[PDB]
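As C-alpha coordinates, the next two blocks hold two forms of the same chain, structure 1 and structure 2.
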Structure 1
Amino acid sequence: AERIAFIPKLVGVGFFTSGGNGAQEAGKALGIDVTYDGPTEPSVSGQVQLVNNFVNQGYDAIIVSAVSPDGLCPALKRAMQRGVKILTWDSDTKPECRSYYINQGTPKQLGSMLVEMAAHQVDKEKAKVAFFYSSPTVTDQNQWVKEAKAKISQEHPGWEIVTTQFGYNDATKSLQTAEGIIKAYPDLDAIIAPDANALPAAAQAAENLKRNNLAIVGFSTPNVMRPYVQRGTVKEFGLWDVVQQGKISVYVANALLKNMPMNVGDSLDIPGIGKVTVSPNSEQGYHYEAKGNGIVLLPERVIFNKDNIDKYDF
(Lines of atoms letter the chains of each structure in order from A and count residues from 1; the text may use other names and numbers.)
(Lines give C-alpha, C1' and ligand atoms only; values in the text may rest on other atoms or scores of the structure.)
Protein backbone atom coordinates (compact mmCIF):
# COMPACT_ATOMS: atom_id res chain seq x y z
CA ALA A 1 0.00 0.00 0.00
CA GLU A 2 2.87 2.35 0.84
CA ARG A 3 5.07 3.29 -2.12
CA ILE A 4 8.45 5.03 -1.94
CA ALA A 5 10.17 6.53 -4.98
CA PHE A 6 13.98 6.48 -5.10
CA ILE A 7 15.32 8.86 -7.75
CA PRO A 8 19.03 9.08 -8.69
CA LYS A 9 20.82 11.83 -10.64
CA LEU A 10 20.97 9.45 -13.59
CA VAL A 11 20.87 5.74 -14.41
CA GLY A 12 23.69 3.56 -15.71
CA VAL A 13 26.22 4.62 -13.07
CA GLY A 14 27.41 2.03 -10.55
CA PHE A 15 27.04 4.47 -7.66
CA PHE A 16 23.29 4.95 -8.07
CA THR A 17 22.64 1.29 -8.87
CA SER A 18 24.20 0.23 -5.57
CA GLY A 19 22.26 2.83 -3.59
CA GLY A 20 19.03 1.91 -5.36
CA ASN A 21 19.54 -1.78 -4.65
CA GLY A 22 20.17 -1.08 -0.97
CA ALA A 23 16.98 0.98 -0.95
CA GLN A 24 14.77 -1.69 -2.53
CA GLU A 25 16.33 -4.26 -0.20
CA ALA A 26 15.44 -2.01 2.73
CA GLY A 27 11.90 -1.53 1.45
CA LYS A 28 11.41 -5.27 1.02
CA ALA A 29 12.40 -5.87 4.65
CA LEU A 30 9.81 -3.28 5.68
CA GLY A 31 7.06 -4.49 3.36
CA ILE A 32 7.37 -1.35 1.26
CA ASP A 33 7.37 -1.33 -2.55
CA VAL A 34 10.29 0.89 -3.57
CA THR A 35 10.32 2.05 -7.19
CA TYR A 36 13.79 2.86 -8.52
CA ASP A 37 13.68 5.19 -11.52
CA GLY A 38 15.78 8.01 -12.93
CA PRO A 39 16.56 9.89 -16.16
CA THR A 40 19.14 8.59 -18.64
CA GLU A 41 20.99 11.88 -18.15
CA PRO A 42 21.30 14.28 -15.17
CA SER A 43 18.95 17.14 -16.06
CA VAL A 44 16.53 19.36 -14.14
CA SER A 45 13.61 18.63 -16.48
CA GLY A 46 14.35 14.91 -16.20
CA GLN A 47 13.90 14.71 -12.43
CA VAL A 48 11.08 17.28 -12.28
CA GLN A 49 9.11 15.21 -14.80
CA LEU A 50 9.60 12.18 -12.57
CA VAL A 51 8.89 14.01 -9.31
CA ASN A 52 5.61 15.30 -10.72
CA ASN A 53 4.90 11.80 -12.03
CA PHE A 54 5.27 9.97 -8.70
CA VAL A 55 3.18 12.72 -7.11
CA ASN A 56 0.25 12.37 -9.51
CA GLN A 57 0.34 8.61 -8.96
CA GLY A 58 0.04 9.34 -5.25
CA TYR A 59 3.32 8.05 -3.85
CA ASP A 60 3.80 8.22 -0.09
CA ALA A 61 7.49 9.18 -0.13
CA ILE A 62 10.07 10.37 -2.65
CA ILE A 63 13.82 10.14 -2.09
CA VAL A 64 15.77 12.19 -4.63
CA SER A 65 19.41 13.04 -5.36
CA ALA A 66 19.18 16.51 -6.90
CA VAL A 67 21.12 17.71 -9.94
CA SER A 68 20.26 21.28 -8.94
CA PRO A 69 19.65 22.91 -5.53
CA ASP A 70 16.75 25.12 -6.63
CA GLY A 71 15.75 23.37 -9.85
CA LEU A 72 13.46 20.80 -8.23
CA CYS A 73 11.97 23.06 -5.54
CA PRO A 74 8.69 24.02 -7.27
CA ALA A 75 7.89 20.32 -7.74
CA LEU A 76 9.07 19.26 -4.28
CA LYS A 77 6.98 21.88 -2.49
CA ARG A 78 3.97 20.79 -4.54
CA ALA A 79 4.51 17.26 -3.24
CA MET A 80 4.63 18.28 0.42
CA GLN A 81 1.43 20.30 -0.02
CA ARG A 82 -0.18 17.00 -0.98
CA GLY A 83 1.37 15.14 1.95
CA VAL A 84 4.15 13.46 -0.03
CA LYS A 85 7.15 12.90 2.25
CA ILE A 86 10.18 14.45 0.55
CA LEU A 87 13.69 13.28 1.43
CA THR A 88 17.08 13.78 -0.19
CA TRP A 89 20.07 11.45 -0.43
CA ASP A 90 23.63 11.96 -1.69
CA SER A 91 22.90 15.37 -3.24
CA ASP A 92 20.67 17.79 -1.35
CA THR A 93 18.26 20.45 -2.55
CA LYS A 94 17.54 23.60 -0.58
CA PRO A 95 16.76 22.72 3.07
CA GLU A 96 13.33 24.37 2.80
CA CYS A 97 12.59 22.36 -0.35
CA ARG A 98 12.94 19.01 1.43
CA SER A 99 12.55 17.49 4.89
CA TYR A 100 15.57 15.28 5.57
CA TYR A 101 18.98 15.01 3.93
CA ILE A 102 20.53 11.54 4.11
CA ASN A 103 24.08 12.87 3.84
CA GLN A 104 27.32 10.89 3.61
CA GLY A 105 29.12 13.63 5.54
CA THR A 106 29.57 17.37 6.00
CA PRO A 107 31.40 19.37 3.30
CA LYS A 108 34.21 19.88 5.83
CA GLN A 109 34.55 16.12 6.31
CA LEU A 110 34.46 15.14 2.63
CA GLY A 111 36.40 18.27 1.71
CA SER A 112 39.10 17.22 4.16
CA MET A 113 39.34 13.74 2.66
CA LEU A 114 39.96 15.13 -0.83
CA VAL A 115 42.80 17.33 0.42
CA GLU A 116 44.27 14.72 2.77
CA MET A 117 44.32 12.10 0.02
CA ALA A 118 46.01 14.57 -2.32
CA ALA A 119 48.60 15.78 0.21
CA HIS A 120 49.64 12.21 0.99
CA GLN A 121 50.29 11.50 -2.69
CA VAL A 122 51.88 14.77 -3.82
CA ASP A 123 54.15 15.04 -0.76
CA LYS A 124 55.40 18.54 -1.57
CA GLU A 125 54.16 21.98 -0.54
CA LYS A 126 54.69 23.36 -4.04
CA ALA A 127 52.65 21.78 -6.83
CA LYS A 128 49.84 22.33 -9.33
CA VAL A 129 46.44 20.76 -8.69
CA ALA A 130 43.34 20.51 -10.89
CA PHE A 131 39.69 19.92 -9.96
CA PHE A 132 37.44 17.84 -12.20
CA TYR A 133 33.88 16.73 -11.42
CA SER A 134 30.37 16.50 -12.89
CA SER A 135 28.75 19.94 -13.16
CA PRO A 136 29.22 23.45 -11.69
CA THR A 137 25.53 23.61 -10.73
CA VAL A 138 25.24 20.31 -8.85
CA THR A 139 24.77 20.65 -5.08
CA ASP A 140 26.79 17.98 -3.27
CA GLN A 141 30.03 18.29 -5.26
CA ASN A 142 30.15 22.10 -5.36
CA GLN A 143 29.74 22.15 -1.58
CA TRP A 144 32.71 19.80 -1.24
CA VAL A 145 34.92 21.57 -3.78
CA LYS A 146 34.41 25.01 -2.23
CA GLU A 147 35.36 23.65 1.19
CA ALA A 148 38.23 21.76 -0.43
CA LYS A 149 39.58 24.81 -2.25
CA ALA A 150 39.26 26.83 0.96
CA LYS A 151 41.12 24.13 2.87
CA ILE A 152 43.87 24.05 0.23
CA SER A 153 44.48 27.81 0.28
CA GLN A 154 44.75 27.66 4.08
CA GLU A 155 46.83 24.51 4.57
CA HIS A 156 48.73 24.38 1.27
CA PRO A 157 49.24 27.95 -0.01
CA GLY A 158 52.05 26.72 -2.26
CA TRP A 159 49.50 24.71 -4.22
CA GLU A 160 48.22 26.36 -7.40
CA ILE A 161 44.74 25.38 -8.57
CA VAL A 162 45.41 25.80 -12.28
CA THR A 163 42.04 24.68 -13.68
CA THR A 164 38.59 23.29 -12.88
CA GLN A 165 36.66 21.55 -15.66
CA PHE A 166 33.59 19.32 -15.88
CA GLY A 167 32.41 16.04 -17.41
CA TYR A 168 28.66 16.18 -16.75
CA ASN A 169 28.42 12.51 -15.69
CA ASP A 170 29.20 11.40 -19.25
CA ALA A 171 31.81 8.63 -19.55
CA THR A 172 32.78 9.88 -23.01
CA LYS A 173 32.85 13.60 -22.21
CA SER A 174 34.68 12.93 -18.94
CA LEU A 175 37.47 11.16 -20.82
CA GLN A 176 37.96 13.97 -23.34
CA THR A 177 38.08 16.60 -20.60
CA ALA A 178 40.45 14.51 -18.49
CA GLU A 179 42.87 14.08 -21.40
CA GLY A 180 42.62 17.77 -22.26
CA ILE A 181 43.67 18.86 -18.78
CA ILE A 182 46.56 16.39 -18.84
CA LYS A 183 47.71 17.69 -22.23
CA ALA A 184 47.22 21.40 -21.56
CA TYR A 185 48.98 21.18 -18.19
CA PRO A 186 52.35 19.37 -18.42
CA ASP A 187 53.31 20.74 -15.00
CA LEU A 188 50.28 19.11 -13.38
CA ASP A 189 50.98 17.20 -10.16
CA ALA A 190 47.53 16.09 -9.02
CA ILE A 191 43.93 15.69 -10.18
CA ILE A 192 41.11 15.89 -7.63
CA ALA A 193 38.00 14.23 -9.07
CA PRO A 194 35.07 14.10 -6.60
CA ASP A 195 32.82 12.25 -9.07
CA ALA A 196 32.10 8.58 -9.80
CA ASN A 197 32.51 9.18 -13.54
CA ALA A 198 35.33 11.73 -13.39
CA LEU A 199 37.73 9.73 -11.21
CA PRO A 200 38.02 6.62 -13.40
CA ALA A 201 38.12 8.81 -16.52
CA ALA A 202 41.10 10.72 -15.13
CA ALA A 203 42.91 7.47 -14.37
CA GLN A 204 42.14 6.21 -17.87
CA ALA A 205 43.36 9.50 -19.34
CA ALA A 206 46.63 9.13 -17.43
CA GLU A 207 47.14 5.65 -18.86
CA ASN A 208 46.14 6.67 -22.38
CA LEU A 209 48.69 9.49 -22.45
CA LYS A 210 51.11 7.33 -20.45
CA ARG A 211 51.58 10.05 -17.84
CA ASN A 212 53.20 8.99 -14.58
CA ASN A 213 54.02 10.90 -11.39
CA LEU A 214 50.39 12.05 -11.33
CA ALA A 215 48.38 11.80 -8.12
CA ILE A 216 44.76 10.90 -8.87
CA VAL A 217 42.29 10.96 -5.98
CA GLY A 218 38.53 11.42 -5.69
CA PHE A 219 35.16 9.81 -5.04
CA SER A 220 34.01 6.68 -6.88
CA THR A 221 32.91 3.06 -6.49
CA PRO A 222 35.51 0.31 -5.86
CA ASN A 223 33.79 -1.77 -8.55
CA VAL A 224 34.77 0.63 -11.33
CA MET A 225 38.07 1.81 -9.87
CA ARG A 226 39.46 -1.70 -9.35
CA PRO A 227 41.51 -2.07 -12.57
CA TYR A 228 43.17 1.34 -12.15
CA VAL A 229 44.15 0.49 -8.57
CA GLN A 230 45.82 -2.84 -9.38
CA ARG A 231 47.85 -1.26 -12.19
CA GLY A 232 48.98 1.41 -9.73
CA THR A 233 47.40 4.31 -11.60
CA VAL A 234 45.33 5.14 -8.53
CA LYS A 235 46.96 4.44 -5.16
CA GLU A 236 44.15 5.90 -3.06
CA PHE A 237 40.55 7.08 -3.31
CA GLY A 238 37.46 7.23 -1.11
CA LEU A 239 33.71 6.76 -0.81
CA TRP A 240 31.12 5.32 1.60
CA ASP A 241 28.65 2.47 1.99
CA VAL A 242 26.28 3.74 -0.70
CA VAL A 243 24.21 0.55 -0.36
CA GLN A 244 23.74 1.39 3.32
CA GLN A 245 22.98 5.00 2.38
CA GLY A 246 20.05 3.91 0.23
CA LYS A 247 19.02 1.60 3.05
CA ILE A 248 18.99 4.40 5.64
CA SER A 249 17.01 6.72 3.36
CA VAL A 250 14.12 4.25 3.25
CA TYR A 251 14.19 3.52 6.99
CA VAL A 252 14.13 7.24 7.78
CA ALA A 253 11.29 7.73 5.30
CA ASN A 254 9.44 4.87 6.99
CA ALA A 255 9.80 6.60 10.36
CA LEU A 256 8.04 9.62 8.87
CA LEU A 257 5.19 7.47 7.57
CA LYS A 258 4.77 5.94 11.02
CA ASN A 259 4.78 9.30 12.80
CA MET A 260 8.01 8.80 14.76
CA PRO A 261 9.85 11.73 16.42
CA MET A 262 12.68 12.78 14.12
CA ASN A 263 13.56 16.32 15.20
CA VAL A 264 17.13 17.62 15.48
CA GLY A 265 18.63 15.55 18.29
CA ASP A 266 16.42 12.47 18.07
CA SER A 267 17.76 9.05 17.09
CA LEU A 268 16.65 5.90 15.26
CA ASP A 269 17.58 2.21 15.40
CA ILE A 270 18.42 0.49 12.11
CA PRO A 271 18.97 -3.31 11.96
CA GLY A 272 22.50 -4.18 10.85
CA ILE A 273 23.51 -0.53 11.10
CA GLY A 274 22.88 0.80 14.59
CA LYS A 275 22.07 4.34 15.67
CA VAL A 276 21.50 7.25 13.29
CA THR A 277 20.85 10.82 14.44
CA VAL A 278 19.10 13.86 12.98
CA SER A 279 21.81 16.53 12.76
CA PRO A 280 21.03 20.23 12.18
CA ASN A 281 21.32 21.75 8.70
CA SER A 282 24.14 23.96 9.99
CA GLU A 283 26.48 20.99 9.53
CA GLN A 284 26.18 21.48 5.77
CA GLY A 285 26.60 25.23 6.19
CA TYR A 286 22.91 26.06 5.88
CA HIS A 287 21.05 28.90 7.57
CA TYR A 288 17.78 27.01 7.99
CA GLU A 289 16.22 24.99 10.82
CA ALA A 290 12.70 23.63 11.32
CA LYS A 291 10.71 21.00 13.21
CA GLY A 292 10.87 17.69 11.36
CA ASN A 293 13.80 18.94 9.31
CA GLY A 294 17.44 17.92 9.61
CA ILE A 295 20.39 15.97 8.23
CA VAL A 296 21.12 12.28 8.83
CA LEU A 297 24.89 11.79 8.67
CA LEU A 298 26.41 8.45 7.68
CA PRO A 299 28.30 6.76 10.56
CA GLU A 300 31.46 6.01 8.57
CA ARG A 301 33.35 7.05 5.44
CA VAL A 302 35.88 4.78 3.73
CA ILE A 303 39.35 5.29 2.26
CA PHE A 304 40.12 2.75 -0.47
CA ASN A 305 43.47 1.31 -1.52
CA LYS A 306 45.01 -1.88 -2.94
CA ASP A 307 44.53 -3.62 0.41
CA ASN A 308 40.81 -3.26 1.14
CA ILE A 309 39.33 -2.86 -2.34
CA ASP A 310 37.93 -6.40 -2.40
CA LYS A 311 36.38 -6.00 1.05
CA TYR A 312 33.27 -4.04 0.05
CA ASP A 313 30.49 -5.48 -2.11
CA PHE A 314 27.99 -3.06 -3.65
Structure 2
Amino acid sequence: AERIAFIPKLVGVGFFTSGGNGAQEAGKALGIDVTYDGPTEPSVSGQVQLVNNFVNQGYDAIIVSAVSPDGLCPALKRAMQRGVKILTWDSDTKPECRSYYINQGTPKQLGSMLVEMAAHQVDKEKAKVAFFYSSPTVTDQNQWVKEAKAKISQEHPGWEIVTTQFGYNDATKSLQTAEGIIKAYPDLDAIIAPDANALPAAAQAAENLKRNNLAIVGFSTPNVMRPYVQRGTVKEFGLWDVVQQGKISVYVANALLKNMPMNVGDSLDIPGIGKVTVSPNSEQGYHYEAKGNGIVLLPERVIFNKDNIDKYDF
Protein backbone atom coordinates (compact mmCIF):
# COMPACT_ATOMS: atom_id res chain seq x y z
CA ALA A 1 0.00 0.00 0.00
CA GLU A 2 2.49 2.61 1.23
CA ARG A 3 6.13 2.84 0.15
CA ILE A 4 9.22 4.29 1.82
CA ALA A 5 12.67 4.93 0.37
CA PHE A 6 15.78 4.73 2.57
CA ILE A 7 18.77 6.37 0.90
CA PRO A 8 22.39 6.19 2.14
CA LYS A 9 25.30 8.44 1.11
CA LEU A 10 26.39 5.40 -0.91
CA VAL A 11 25.83 1.63 -1.04
CA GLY A 12 28.44 -1.08 -0.52
CA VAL A 13 29.53 0.24 2.87
CA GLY A 14 28.65 -1.62 6.06
CA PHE A 15 27.29 1.35 8.00
CA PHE A 16 24.77 2.14 5.27
CA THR A 17 23.95 -1.48 4.47
CA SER A 18 23.11 -2.04 8.14
CA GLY A 19 21.12 1.16 8.44
CA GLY A 20 19.18 -0.07 5.43
CA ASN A 21 18.66 -3.44 7.12
CA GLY A 22 17.18 -1.78 10.20
CA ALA A 23 14.89 0.29 8.00
CA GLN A 24 13.70 -2.63 5.86
CA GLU A 25 12.95 -4.87 8.85
CA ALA A 26 11.05 -2.02 10.50
CA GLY A 27 8.99 -1.71 7.34
CA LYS A 28 8.15 -5.40 7.30
CA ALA A 29 7.06 -5.19 10.94
CA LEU A 30 4.87 -2.20 10.09
CA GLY A 31 3.56 -3.53 6.80
CA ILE A 32 5.32 -0.87 4.74
CA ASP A 33 7.58 -1.85 1.86
CA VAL A 34 10.96 -0.15 2.22
CA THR A 35 13.23 0.30 -0.78
CA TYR A 36 16.94 0.70 -0.08
CA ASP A 37 18.97 2.40 -2.76
CA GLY A 38 21.80 4.89 -2.99
CA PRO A 39 24.50 6.04 -5.45
CA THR A 40 27.73 4.08 -5.93
CA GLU A 41 29.64 7.18 -4.81
CA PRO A 42 28.69 9.84 -2.28
CA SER A 43 27.47 12.77 -4.38
CA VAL A 44 24.62 15.26 -4.54
CA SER A 45 23.59 14.33 -8.09
CA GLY A 46 23.74 10.64 -7.23
CA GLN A 47 21.25 11.13 -4.42
CA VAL A 48 19.09 13.76 -6.13
CA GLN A 49 18.20 11.60 -9.12
CA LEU A 50 17.11 8.81 -6.75
CA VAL A 51 14.97 11.22 -4.71
CA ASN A 52 13.36 12.61 -7.88
CA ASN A 53 12.67 9.08 -9.16
CA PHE A 54 11.10 7.89 -5.89
CA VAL A 55 8.89 10.99 -5.86
CA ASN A 56 7.87 10.42 -9.49
CA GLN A 57 6.97 6.79 -8.77
CA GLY A 58 4.68 7.94 -6.00
CA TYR A 59 6.60 6.92 -2.88
CA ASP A 60 4.98 8.05 0.37
CA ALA A 61 8.14 8.88 2.30
CA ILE A 62 11.87 9.25 1.69
CA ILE A 63 14.52 8.93 4.42
CA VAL A 64 17.99 10.14 3.45
CA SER A 65 21.49 10.76 4.79
CA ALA A 66 22.39 14.01 3.03
CA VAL A 67 25.79 14.17 1.33
CA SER A 68 25.35 17.96 1.38
CA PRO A 69 23.34 20.21 3.73
CA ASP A 70 21.96 22.27 0.84
CA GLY A 71 22.44 20.19 -2.29
CA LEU A 72 19.29 18.09 -1.88
CA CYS A 73 16.99 20.91 -0.78
CA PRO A 74 15.46 21.68 -4.17
CA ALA A 75 14.54 18.02 -4.73
CA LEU A 76 13.38 17.52 -1.14
CA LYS A 77 11.19 20.64 -1.08
CA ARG A 78 9.63 19.57 -4.35
CA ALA A 79 8.93 16.20 -2.73
CA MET A 80 7.27 17.77 0.32
CA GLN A 81 5.32 20.14 -1.93
CA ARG A 82 3.95 17.06 -3.71
CA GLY A 83 2.93 15.46 -0.42
CA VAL A 84 5.89 13.16 0.27
CA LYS A 85 7.11 12.92 3.88
CA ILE A 86 10.83 13.71 4.13
CA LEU A 87 13.20 12.71 6.92
CA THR A 88 16.97 12.66 7.25
CA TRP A 89 19.25 10.32 9.21
CA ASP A 90 22.99 10.30 9.98
CA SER A 91 23.67 13.53 8.04
CA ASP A 92 21.05 16.27 8.15
CA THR A 93 20.02 18.83 5.53
CA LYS A 94 19.05 22.42 6.31
CA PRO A 95 16.09 22.08 8.74
CA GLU A 96 13.66 23.55 6.19
CA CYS A 97 14.35 20.72 3.75
CA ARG A 98 12.95 17.90 5.90
CA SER A 99 10.55 17.22 8.76
CA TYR A 100 12.65 15.20 11.19
CA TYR A 101 16.33 14.41 11.51
CA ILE A 102 16.96 11.01 13.15
CA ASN A 103 20.14 12.11 14.94
CA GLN A 104 22.79 9.87 16.53
CA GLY A 105 23.59 12.66 19.00
CA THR A 106 24.00 16.38 19.65
CA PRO A 107 27.46 18.00 19.44
CA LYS A 108 27.68 18.15 23.24
CA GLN A 109 26.74 14.47 23.48
CA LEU A 110 29.31 13.38 20.91
CA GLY A 111 31.91 15.81 22.21
CA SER A 112 31.40 14.33 25.66
CA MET A 113 31.92 10.77 24.40
CA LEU A 114 35.29 11.75 22.93
CA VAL A 115 36.52 13.27 26.19
CA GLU A 116 35.10 10.50 28.37
CA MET A 117 36.89 7.87 26.28
CA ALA A 118 40.16 9.80 26.46
CA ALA A 119 39.85 10.35 30.24
CA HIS A 120 39.26 6.62 30.75
CA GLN A 121 42.67 5.98 29.16
CA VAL A 122 44.77 9.00 30.16
CA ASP A 123 46.57 8.49 33.47
CA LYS A 124 48.40 11.81 33.84
CA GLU A 125 47.09 15.10 35.21
CA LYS A 126 49.06 17.15 32.67
CA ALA A 127 48.28 14.98 29.66
CA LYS A 128 49.34 15.96 26.14
CA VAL A 129 46.58 15.42 23.58
CA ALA A 130 46.28 15.68 19.82
CA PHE A 131 43.09 16.11 17.81
CA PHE A 132 42.98 14.45 14.41
CA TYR A 133 40.04 14.51 12.01
CA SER A 134 38.76 15.30 8.51
CA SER A 135 39.13 19.05 8.03
CA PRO A 136 38.78 22.49 9.66
CA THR A 137 35.77 23.16 7.44
CA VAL A 138 33.64 20.03 7.82
CA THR A 139 30.63 21.21 9.84
CA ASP A 140 29.59 18.24 12.00
CA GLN A 141 33.06 17.10 13.06
CA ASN A 142 34.09 20.65 13.94
CA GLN A 143 31.01 21.05 16.13
CA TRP A 144 31.98 17.90 18.03
CA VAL A 145 35.59 19.05 18.35
CA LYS A 146 34.58 22.52 19.53
CA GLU A 147 32.46 20.85 22.22
CA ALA A 148 35.21 18.36 23.09
CA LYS A 149 37.88 21.04 23.44
CA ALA A 150 35.54 23.13 25.61
CA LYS A 151 34.82 20.16 27.88
CA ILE A 152 38.56 19.52 28.17
CA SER A 153 39.40 23.13 29.09
CA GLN A 154 36.55 23.19 31.62
CA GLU A 155 36.90 19.73 33.18
CA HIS A 156 40.51 18.69 32.47
CA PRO A 157 42.40 22.01 32.78
CA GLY A 158 45.71 20.19 33.23
CA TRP A 159 45.57 18.75 29.72
CA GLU A 160 47.19 20.50 26.77
CA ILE A 161 46.12 20.08 23.14
CA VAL A 162 49.53 20.05 21.47
CA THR A 163 48.27 19.80 17.90
CA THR A 164 45.18 19.61 15.70
CA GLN A 165 45.73 18.04 12.27
CA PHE A 166 43.64 16.66 9.40
CA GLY A 167 43.39 13.60 7.15
CA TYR A 168 40.80 14.94 4.70
CA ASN A 169 38.72 11.75 4.47
CA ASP A 170 41.68 10.19 2.65
CA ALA A 171 43.21 6.91 3.81
CA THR A 172 46.67 7.67 2.41
CA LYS A 173 46.73 11.26 3.68
CA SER A 174 45.40 10.18 7.06
CA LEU A 175 48.08 7.53 7.57
CA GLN A 176 50.81 10.00 6.63
CA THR A 177 49.51 12.67 9.00
CA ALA A 178 49.06 10.14 11.81
CA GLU A 179 52.64 8.86 11.54
CA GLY A 180 53.85 12.45 11.50
CA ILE A 181 52.00 13.17 14.74
CA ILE A 182 53.33 10.05 16.46
CA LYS A 183 56.91 10.74 15.38
CA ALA A 184 56.83 14.40 16.42
CA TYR A 185 55.23 13.88 19.84
CA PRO A 186 56.92 10.86 21.49
CA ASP A 187 55.47 11.76 24.89
CA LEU A 188 51.93 12.21 23.58
CA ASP A 189 49.27 10.75 25.89
CA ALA A 190 46.30 10.53 23.56
CA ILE A 191 44.95 11.02 20.07
CA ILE A 192 41.26 11.95 19.82
CA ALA A 193 40.08 11.19 16.29
CA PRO A 194 36.37 11.86 15.57
CA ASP A 195 36.69 10.72 11.92
CA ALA A 196 36.11 7.25 10.40
CA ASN A 197 39.38 7.45 8.46
CA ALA A 198 41.45 9.32 11.04
CA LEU A 199 40.85 6.77 13.83
CA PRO A 200 42.04 3.64 11.96
CA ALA A 201 44.89 5.72 10.51
CA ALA A 202 46.11 6.65 13.99
CA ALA A 203 46.00 3.05 15.19
CA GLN A 204 47.77 1.80 12.04
CA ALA A 205 50.40 4.53 12.44
CA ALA A 206 51.06 3.52 16.04
CA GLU A 207 51.50 -0.11 14.99
CA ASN A 208 53.63 0.88 11.98
CA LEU A 209 55.98 2.83 14.23
CA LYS A 210 55.82 0.26 17.04
CA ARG A 211 54.49 2.94 19.40
CA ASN A 212 53.07 1.46 22.59
CA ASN A 213 50.66 2.66 25.27
CA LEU A 214 49.29 5.63 23.35
CA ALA A 215 45.61 6.31 24.11
CA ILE A 216 43.81 6.28 20.75
CA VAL A 217 40.10 7.07 20.79
CA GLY A 218 37.55 8.51 18.40
CA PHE A 219 34.72 7.64 16.01
CA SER A 220 34.72 4.80 13.45
CA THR A 221 33.00 1.51 12.60
CA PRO A 222 33.33 -1.94 14.30
CA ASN A 223 34.59 -3.99 11.35
CA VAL A 224 37.30 -1.48 10.45
CA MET A 225 38.42 -1.19 14.09
CA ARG A 226 38.19 -4.82 15.23
CA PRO A 227 41.79 -5.72 14.24
CA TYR A 228 43.19 -2.80 16.24
CA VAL A 229 40.98 -3.59 19.24
CA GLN A 230 41.99 -7.26 19.17
CA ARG A 231 45.65 -6.23 19.25
CA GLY A 232 45.11 -3.81 22.13
CA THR A 233 46.11 -0.74 20.11
CA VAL A 234 42.63 0.72 20.55
CA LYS A 235 40.82 -0.06 23.80
CA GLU A 236 37.69 1.97 23.10
CA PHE A 237 36.05 4.03 20.39
CA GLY A 238 32.53 5.23 19.81
CA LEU A 239 29.65 5.46 17.37
CA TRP A 240 26.07 4.20 17.62
CA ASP A 241 23.83 1.29 16.59
CA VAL A 242 23.14 2.16 12.96
CA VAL A 243 20.62 -0.68 12.68
CA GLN A 244 18.50 0.90 15.42
CA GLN A 245 18.89 4.26 13.70
CA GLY A 246 17.44 2.87 10.48
CA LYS A 247 14.64 1.23 12.47
CA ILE A 248 13.76 4.44 14.33
CA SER A 249 13.61 6.46 11.11
CA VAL A 250 10.93 4.14 9.70
CA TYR A 251 8.91 4.34 12.91
CA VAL A 252 8.98 8.13 12.85
CA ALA A 253 8.07 8.14 9.15
CA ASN A 254 5.16 5.82 10.01
CA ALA A 255 3.90 8.34 12.57
CA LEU A 256 3.72 11.00 9.85
CA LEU A 257 2.04 8.60 7.44
CA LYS A 258 -0.47 7.80 10.21
CA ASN A 259 -1.32 11.49 10.59
CA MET A 260 0.13 11.64 14.10
CA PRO A 261 2.81 14.32 13.58
CA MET A 262 4.94 15.19 16.58
CA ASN A 263 5.99 18.70 17.53
CA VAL A 264 8.98 19.58 19.68
CA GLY A 265 8.26 17.94 23.02
CA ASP A 266 6.10 15.13 21.65
CA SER A 267 7.18 11.50 22.00
CA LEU A 268 6.85 8.10 20.36
CA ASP A 269 7.44 4.68 21.92
CA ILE A 270 9.26 2.23 19.65
CA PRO A 271 9.33 -1.52 20.43
CA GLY A 272 12.74 -2.78 21.51
CA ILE A 273 14.07 0.77 21.59
CA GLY A 274 11.80 2.59 24.00
CA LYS A 275 10.63 6.19 23.81
CA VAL A 276 12.02 8.82 21.45
CA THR A 277 11.23 12.53 21.66
CA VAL A 278 11.30 15.46 19.25
CA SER A 279 13.83 18.10 20.31
CA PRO A 280 14.65 21.58 18.91
CA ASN A 281 16.82 22.06 15.81
CA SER A 282 18.71 24.77 17.70
CA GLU A 283 20.59 22.07 19.64
CA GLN A 284 22.35 21.19 16.38
CA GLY A 285 23.42 24.77 15.76
CA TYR A 286 20.66 25.78 13.35
CA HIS A 287 17.47 27.15 14.89
CA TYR A 288 14.25 26.68 12.93
CA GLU A 289 10.75 27.00 14.38
CA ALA A 290 7.96 25.11 12.61
CA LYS A 291 5.17 22.64 13.42
CA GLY A 292 5.96 18.98 12.81
CA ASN A 293 9.65 19.82 12.52
CA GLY A 294 12.51 18.88 14.81
CA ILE A 295 15.14 16.33 15.77
CA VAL A 296 14.73 12.81 17.11
CA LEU A 297 17.82 11.72 19.05
CA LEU A 298 18.81 8.09 19.51
CA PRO A 299 18.22 7.16 23.17
CA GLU A 300 21.84 6.09 23.29
CA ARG A 301 25.13 5.86 21.48
CA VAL A 302 27.69 3.06 21.76
CA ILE A 303 31.19 2.78 23.20
CA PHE A 304 32.87 -0.23 21.64
CA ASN A 305 35.56 -2.28 23.37
CA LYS A 306 36.86 -5.84 23.23
CA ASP A 307 33.81 -7.10 25.13
CA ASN A 308 30.99 -5.90 22.89
CA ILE A 309 32.61 -5.16 19.53
CA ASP A 310 31.72 -8.60 18.12
CA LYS A 311 28.00 -7.92 18.61
CA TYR A 312 28.08 -5.49 15.68
CA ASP A 313 28.70 -6.24 12.02
CA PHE A 314 29.29 -3.08 10.00
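All residue numbers here follow the sequence of structure 1, with the first residue given the number 1. Throughout, rigid core stands for the largest set of C-alpha atoms superposing within 1.5 Å between the two forms.
Annotated hinge between the two structures: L239, selected from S134, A178, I191, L239 as the site between the two rigid parts. Between the two rigid parts, the smaller one rotates 22° against the larger between the two structures, as C-alpha superposition shows.
A C-alpha shift of 3.7 Å is found for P200 between the two structures, based on superposition of the rigid core.
For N103, the displacement of the CA atom between the two structures, after superposition on the rigid core, amounts to 0.3 Å.
The two forms, fitted on their core, place the C-alpha of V229 1.6 Å apart, compared between the two structures.
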